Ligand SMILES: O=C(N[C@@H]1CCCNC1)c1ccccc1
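Below sits a lone chain in structure tokens, taken as the form solved without the named molecule.
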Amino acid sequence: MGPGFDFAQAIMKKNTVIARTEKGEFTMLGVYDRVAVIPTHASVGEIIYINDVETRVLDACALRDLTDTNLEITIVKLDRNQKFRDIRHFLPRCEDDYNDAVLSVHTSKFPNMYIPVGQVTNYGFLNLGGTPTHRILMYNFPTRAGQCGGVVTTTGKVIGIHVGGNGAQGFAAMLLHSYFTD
């Protein structure tokens, strides 16, 4: 409908796949080459379905900060025959707050879904499903089951992936440029 939704759509149409694990269907953001991200609670194994194609996982790393705290991001390398468009230049370098974000989801349940979530707080620490978690972004929207892996964007920046909510607020794990240096 406007410039926020334009940038979000641009990301969804070239840099997402539908990922299926034994824990369900997730929006999965491809970042560069065969490298993608997914919430750690998806429990990625040796084999994952990508757009309903059986795919070997070449590597999977559940990220933690240098305090050995959960970040709720898993970086996955897929045995896929095609590279993602490199979007690393859209990733922030530092922890920050943001105005006017969009949460974008694409699954079987929720195809072509875009949510204007408003202001995004650098929230920091969250007890996420009983797990202490760092680098959390918060927005005041009542997000629902099915939205995990959803991409959080501003105009020009890919800032996070949706990892949970409490019925009033939603919570995203930060994406930082430094996660995807090679």
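All residue numbers refer to positions in the sequence shown, first residue = 1.
Averaged over Cα atoms, the B-factor as recorded in the entry is higher for 148 to 156 than for the other of 29 to 37 and 148 to 156.
Set 93 to 101 against 78 to 86 and average the Cα temperature factors; 93 to 101 ends up higher. Ranking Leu66, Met113, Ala62, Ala42 by Cα temperature factor from the entry places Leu66 first. Annotation for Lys13: CA B-factor lies in the middle third of the chain's modelled residues.
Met138: CA B factor in the middle third of modelled residues in this chain (values from the PDB entry).
Sorting the modelled residues of the chain by their CA temperature factor places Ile47 in the middle third. Residue-level temperature factors show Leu58 in the middle third of its chain, judged at the C-alpha atom.
Just so you know, the form solved in complex with the named molecule exists too; it's not on screen, but the next bit is about it.
Here is the short version: of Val44, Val120, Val151, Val35, the single residue with a heavy atom within 4.5 Å of the named molecule in the deposited bound form is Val35. Contact annotation: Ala101 falls outside 4.5 Å of the named molecule in the deposited bound form, judged by heavy atom distances. The shortest heavy atom separation between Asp59 and the named molecule in the deposited bound form is within 4.5 Å. Taking the named molecule as it sits in the deposited bound form, the stretch 64 to 88 comes within 4.5 angstroms of it through a non-hydrogen atom at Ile75, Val76, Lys77.
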